[PDB]
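See below for data03.cif, which holds mmCIF, C-alpha atoms.
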```cif
data_work
#
loop_
_atom_site.label_atom_id
_atom_site.label_comp_id
_atom_site.auth_asym_id
_atom_site.auth_seq_id
_atom_site.Cartn_x
_atom_site.Cartn_y
_atom_site.Cartn_z
CA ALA K 150 21.38 -14.09 -27.53
CA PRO K 151 25.04 -15.03 -28.07
CA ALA K 152 27.46 -13.81 -25.44
CA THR K 153 30.32 -13.08 -27.86
CA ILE K 154 30.27 -12.38 -31.60
CA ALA K 155 33.77 -13.06 -32.92
CA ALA K 156 35.60 -11.36 -35.80
CA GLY K 157 33.58 -12.38 -38.83
CA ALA K 158 30.74 -14.30 -37.20
CA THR K 159 26.96 -13.99 -37.12
CA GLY K 160 24.79 -13.99 -34.00
CA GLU K 161 21.04 -14.56 -33.72
CA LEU K 162 19.00 -12.77 -31.07
CA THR K 163 15.48 -13.52 -29.86
CA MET K 164 13.52 -11.40 -27.41
CA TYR K 165 9.92 -11.30 -26.21
CA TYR K 166 8.06 -8.29 -24.86
CA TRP K 167 4.70 -8.29 -23.12
CA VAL K 168 3.06 -4.90 -23.61
CA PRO K 169 0.46 -4.76 -20.84
CA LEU K 170 -2.91 -3.11 -21.16
CA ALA K 171 -4.87 -4.91 -18.46
CA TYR K 172 -3.13 -5.25 -15.11
CA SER K 173 -3.64 -9.00 -14.72
CA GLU K 174 -5.74 -11.82 -16.12
CA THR K 175 -8.32 -11.20 -13.37
CA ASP K 176 -8.09 -7.45 -12.71
CA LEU K 177 -9.24 -5.91 -15.99
CA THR K 178 -8.00 -2.40 -15.19
CA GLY K 179 -6.44 -0.68 -18.17
CA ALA K 180 -8.03 -2.94 -20.77
CA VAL K 181 -9.60 -1.31 -23.80
CA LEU K 182 -12.75 -2.16 -25.73
CA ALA K 183 -11.93 -2.52 -29.42
CA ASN K 184 -15.09 -4.24 -30.74
CA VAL K 185 -15.76 -1.37 -33.15
CA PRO K 186 -15.89 -0.89 -36.93
CA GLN K 187 -12.93 1.51 -36.79
CA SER K 188 -10.72 3.07 -34.16
CA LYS K 189 -7.79 5.46 -33.75
CA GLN K 190 -5.72 2.67 -32.22
CA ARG K 191 -2.10 1.98 -33.13
CA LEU K 192 1.09 0.49 -31.69
CA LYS K 193 4.27 2.46 -32.43
CA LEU K 194 7.51 0.46 -32.28
CA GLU K 195 10.98 1.98 -32.48
CA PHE K 196 13.78 -0.51 -33.08
CA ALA K 197 17.54 -0.60 -32.70
CA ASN K 198 19.60 1.05 -35.44
CA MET W 1 3.40 60.72 56.93
CA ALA W 2 6.45 61.96 58.83
CA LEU W 3 6.47 62.42 62.59
CA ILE W 4 7.03 65.93 63.90
CA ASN W 5 10.21 66.27 65.95
CA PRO W 6 9.19 68.34 69.01
CA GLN W 7 12.78 69.02 70.08
CA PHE W 8 13.95 70.25 66.66
CA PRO W 9 10.95 71.35 64.60
CA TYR W 10 11.16 73.32 61.38
CA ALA W 11 8.96 75.79 59.55
CA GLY W 12 7.59 75.99 56.03
CA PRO W 13 9.63 76.76 52.93
CA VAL W 14 11.31 80.16 52.63
CA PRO W 15 11.74 81.98 49.28
CA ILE W 16 14.81 80.99 47.26
CA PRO W 17 16.23 82.28 43.92
CA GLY W 18 14.01 81.53 40.96
CA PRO W 19 14.41 80.38 37.34
CA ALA W 20 13.46 83.61 35.44
CA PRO W 21 9.67 83.14 35.30
CA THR W 22 9.00 83.59 31.57
CA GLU W 23 11.56 80.92 30.70
CA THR W 24 9.34 78.26 32.31
CA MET W 25 6.39 79.33 30.13
CA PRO W 26 6.26 77.85 26.61
CA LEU W 27 4.90 79.15 23.33
CA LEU W 28 1.79 77.46 21.91
CA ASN W 29 3.42 76.13 18.71
CA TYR W 30 1.40 77.47 15.77
CA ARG W 31 0.35 74.79 13.21
CA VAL W 32 0.13 75.70 9.50
CA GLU W 33 -2.15 73.88 7.06
CA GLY W 34 -0.90 70.76 5.32
CA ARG W 35 -1.63 68.42 2.46
CA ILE W 36 -1.02 64.80 1.56
CA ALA W 37 0.81 65.64 -1.63
CA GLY W 38 0.32 64.32 -5.14
CA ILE W 39 -2.48 62.78 -7.17
CA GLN W 40 -2.92 59.19 -6.01
CA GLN W 41 -3.12 56.31 -8.47
CA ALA W 42 -6.26 54.20 -8.36
CA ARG W 43 -4.68 50.74 -8.41
CA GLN W 44 -1.35 49.05 -7.74
CA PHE W 45 0.48 46.30 -9.65
CA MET W 46 0.62 43.97 -6.69
CA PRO W 47 3.36 41.32 -6.26
CA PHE W 48 0.89 38.73 -4.93
CA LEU W 49 -2.55 37.70 -6.13
CA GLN W 50 -5.45 38.81 -3.95
CA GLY W 51 -7.61 35.70 -4.31
CA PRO W 52 -7.86 32.30 -2.66
CA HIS W 53 -5.75 29.27 -3.45
CA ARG W 54 -6.35 25.54 -3.17
CA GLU W 55 -4.47 23.23 -0.82
CA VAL W 56 -4.98 19.99 -2.76
CA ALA W 57 -5.57 19.22 -6.42
CA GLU W 58 -8.67 17.26 -7.42
CA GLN W 59 -8.83 15.04 -10.49
CA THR W 60 -11.29 16.29 -13.10
CA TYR W 61 -13.03 14.15 -15.70
CA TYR W 62 -14.79 14.47 -19.03
CA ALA W 63 -17.19 11.96 -20.55
CA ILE W 64 -16.30 10.02 -23.69
CA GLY W 65 -18.27 7.62 -25.85
CA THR W 66 -17.36 4.13 -26.96
CA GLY W 67 -18.28 3.42 -30.57
CA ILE W 68 -20.73 1.52 -32.71
CA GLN W 69 -21.36 -1.82 -31.03
CA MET W 70 -21.15 -4.76 -33.43
CA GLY W 71 -22.45 -8.31 -33.42
CA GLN W 72 -20.41 -11.41 -32.72
CA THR W 73 -19.87 -14.99 -33.84
CA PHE W 74 -20.47 -16.97 -30.66
CA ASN W 75 -19.34 -20.54 -30.15
CA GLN W 76 -22.65 -22.19 -29.68
CA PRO W 77 -23.43 -25.04 -27.26
CA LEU W 78 -24.53 -28.55 -28.10
CA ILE W 79 -28.12 -29.76 -27.98
CA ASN W 80 -29.37 -31.12 -24.64
CA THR W 81 -30.26 -34.62 -25.82
CA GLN W 82 -30.00 -35.91 -22.22
CA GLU W 83 -26.19 -35.50 -22.17
CA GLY W 84 -25.50 -32.35 -20.16
#
```
Let me see the file written as structure tokens.
Amino acid sequence: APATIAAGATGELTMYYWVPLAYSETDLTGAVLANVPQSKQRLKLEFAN
Amino acid sequence: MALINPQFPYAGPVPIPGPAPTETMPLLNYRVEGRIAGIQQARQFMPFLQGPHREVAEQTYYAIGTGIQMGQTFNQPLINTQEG
């Protein structure tokens, strides 16, 4: 992200989020089984206005 | 358990003026019949519950199912032609 956007300039942000379901790559606690024909599974994302 | 003085003995009690003998005799106080008054209600809107409570909370569960289990496209191994 730029530290200062001047008067009449454009800045470009980039950000990564890891949304955890399982606790780690070895401890599979919190993981979900999704190998199904259909599911009530969604991911709601609110963004900055 | 006093010791008798032989030089100065004394006799028994003599009569003295008295306290008007009926005024030391009481009346026997005469109780009338009584009643716990009113018609009593059968129940009371109590400020505390009358049953037991629990010290700790225990986690409860309910069973759920998974879904229709599908097949898969496996990555399949190579043929053991004496390299493996």
Worksheet entry | CA of residue 69 (chain W) to CA of residue 184 (chain K), distance in Å rounded to a single decimal |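 Between these atoms lies a distance of 6.7 Å.
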Worksheet entry | Computed interatomic separation between CA of residue 72 (chain W) and CA of residue 188 (chain K) (Å) |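 Straight-line distance from CA of residue 72 (chain W) to CA of residue 188 (chain K) works out to 17.5 Å.
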Fill in: Contact set, chain W to chain K: 9 Å, all atoms listed in the file, as number ranges by chain
W: 66-71
Worksheet item: CA of residue 13 (chain W) and CA of residue 25 (chain W) are how many Å apart?
Response: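 It comes out at 23.2 Å.
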